[PDB]
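Contents: one structure, followed by commentary.
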Amino acid sequence: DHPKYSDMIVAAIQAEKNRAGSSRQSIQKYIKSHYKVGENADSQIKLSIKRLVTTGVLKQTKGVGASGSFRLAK
DNA sequence: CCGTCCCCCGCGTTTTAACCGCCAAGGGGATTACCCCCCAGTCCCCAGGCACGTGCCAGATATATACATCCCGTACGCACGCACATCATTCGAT
C-alpha cells in the first residue's frame, strides 16, 4: 500500500511541523512505522530525499546531502 | 556532520550506621632459659660426567603434482520504481 514516494514524505513533514526543518530520521522512523514499504525501504527513502531536494521543493536547513535536516520550504 | 535520547548529574529528604567514648579479658606476642643435634669442616676417593670422535641416519633438504580457495563475472531472480495506459474523477455543457 505504497503510492509514489512524493506523497508520504510531504505528509510526514506535515505531521511534525518543525520550523527548523525535519531531521532525516524523523521521516524515516514514522513512514515505515505507519505505512508498509518494501524490503529495501530505507535505501529508497534516502535517495527519495536526494531526488526530492534536487527538485527544489524541499529545503535542507542543516547538514549535507541526506545526513541533515530538511524543510518543506512551503 | 547530525541527531538522538537517556542516563548520569545535582539536589532534597532521612536513616543509619559509622563513630565516638568508655569498659573488660585474655589470648598471645614478646622475652628468657636449656640444650642437643645438626650442619659445617677434613680426608680420602672413585666413577659421573665431561671433552673428543665419530658417523650414520634419519631428520632434514630439495624436487613434481594435486587440491583448496577467492574473486569477478556471470546470470538470474526479484521486487522494485518509473513509466504508462486505463480507470475514475472533475470542469464544462447539458
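Identifiers in the C-alpha cells: chain A, B, ... in order shown; residue index from 1 per chain; ligand index from 1 in order shown.
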
With a distance cut-off of 12 Å and only C-alpha atoms (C1' of nucleotides), select the neighbouring residues of region 6-16 of chain A, excluding the residue or stretch itself and same-chain residues fewer than 6 positions from it, and output the selection as a PyMOL selection string. (chain A and resi 22-37+44-53+55+57-59+69-74) or (chain B and resi 81)

Grab the residues selected above and save them as a JSON list (two decimals), in the first residue's frame with C-alpha atoms (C1' of nucleotides).
```json
[["chain", "number", "residue", "atom", "x", "y", "z"],
["A", 22, "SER", "CA", 12.79, 17.85, 9.91],
["A", 23, "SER", "CA", 15.89, 15.73, 10.50],
["A", 24, "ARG", "CA", 16.43, 12.76, 8.19],
["A", 25, "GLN", "CA", 15.48, 10.21, 10.86],
["A", 26, "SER", "CA", 12.15, 11.81, 11.79],
["A", 27, "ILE", "CA", 10.62, 10.93, 8.43],
["A", 28, "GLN", "CA", 12.42, 7.58, 8.31],
["A", 29, "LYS", "CA", 11.00, 6.22, 11.58],
["A", 30, "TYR", "CA", 7.42, 7.39, 11.09],
["A", 31, "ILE", "CA", 6.68, 6.40, 7.49],
["A", 32, "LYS", "CA", 7.98, 2.86, 7.98],
["A", 33, "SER", "CA", 6.19, 2.53, 11.32],
["A", 34, "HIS", "CA", 2.94, 3.91, 9.90],
["A", 35, "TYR", "CA", 2.77, 2.60, 6.32],
["A", 36, "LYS", "CA", 4.16, -0.56, 4.69],
["A", 37, "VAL", "CA", 7.17, -0.29, 2.37],
["A", 44, "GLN", "CA", 14.61, 4.20, -1.34],
["A", 45, "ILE", "CA", 13.88, 6.90, 1.26],
["A", 46, "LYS", "CA", 17.44, 8.23, 1.27],
["A", 47, "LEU", "CA", 17.60, 8.78, -2.49],
["A", 48, "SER", "CA", 13.96, 9.88, -2.32],
["A", 49, "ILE", "CA", 15.18, 12.85, -0.31],
["A", 50, "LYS", "CA", 18.14, 13.12, -2.67],
["A", 51, "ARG", "CA", 15.93, 13.40, -5.74],
["A", 52, "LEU", "CA", 13.36, 15.45, -3.81],
["A", 53, "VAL", "CA", 15.90, 18.08, -2.78],
["A", 55, "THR", "CA", 13.56, 19.10, -7.46],
["A", 57, "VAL", "CA", 10.57, 21.98, -3.50],
["A", 58, "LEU", "CA", 12.18, 21.00, -0.17],
["A", 59, "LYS", "CA", 14.92, 22.84, 1.74],
["A", 69, "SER", "CA", 17.58, 18.17, 8.32],
["A", 70, "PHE", "CA", 15.09, 19.07, 5.59],
["A", 71, "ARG", "CA", 12.18, 21.50, 5.38],
["A", 72, "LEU", "CA", 9.08, 21.68, 3.19],
["A", 73, "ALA", "CA", 10.20, 25.19, 2.14],
["A", 74, "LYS", "CA", 6.48, 25.95, 1.52],
["B", 81, "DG", "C1'", 10.10, 2.48, -9.10]]
```

Could you list the residues in chain A lying within 8 Å of chain B, using only C-alpha atoms (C1' of nucleotides), and format the result as a PyMOL selection string? chain A and resi 23+38+63-64+67-68

Output file for the selection above: N, CA and C atoms, as a PDB file, in the first residue's frame:
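Here's the written file selection-v7.pdb:
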```
ATOM      1  N   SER A  23      14.671  16.512  10.663  1.00  0.00           N
ATOM      2  CA  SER A  23      15.886  15.728  10.501  1.00  0.00           C
ATOM      3  C   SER A  23      15.585  14.439   9.748  1.00  0.00           C
ATOM      4  N   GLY A  38       8.556  -1.688   0.959  1.00  0.00           N
ATOM      5  CA  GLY A  38       9.293  -2.877   0.572  1.00  0.00           C
ATOM      6  C   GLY A  38      10.491  -3.209   1.436  1.00  0.00           C
ATOM      7  N   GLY A  63      22.976  20.231   7.629  1.00  0.00           N
ATOM      8  CA  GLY A  63      23.606  19.038   7.100  1.00  0.00           C
ATOM      9  C   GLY A  63      23.849  19.116   5.604  1.00  0.00           C
ATOM     10  N   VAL A  64      24.511  18.080   5.093  1.00  0.00           N
ATOM     11  CA  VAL A  64      24.879  17.985   3.686  1.00  0.00           C
ATOM     12  C   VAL A  64      24.343  16.674   3.130  1.00  0.00           C
ATOM     13  N   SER A  67      22.240  13.521   5.222  1.00  0.00           N
ATOM     14  CA  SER A  67      22.546  13.327   6.635  1.00  0.00           C
ATOM     15  C   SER A  67      21.960  14.397   7.548  1.00  0.00           C
ATOM     16  N   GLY A  68      21.449  15.493   7.008  1.00  0.00           N
ATOM     17  CA  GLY A  68      21.000  16.614   7.810  1.00  0.00           C
ATOM     18  C   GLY A  68      19.500  16.682   7.987  1.00  0.00           C
TER      19      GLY A  68
END
```

Between CA of residue 40 (chain A) and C1' of residue 78 (chain B), what distance in Å does the model show, to one decimal?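 Answer for the CA of residue 40 (chain A) to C1' of residue 78 (chain B) separation: 11.8 Å.
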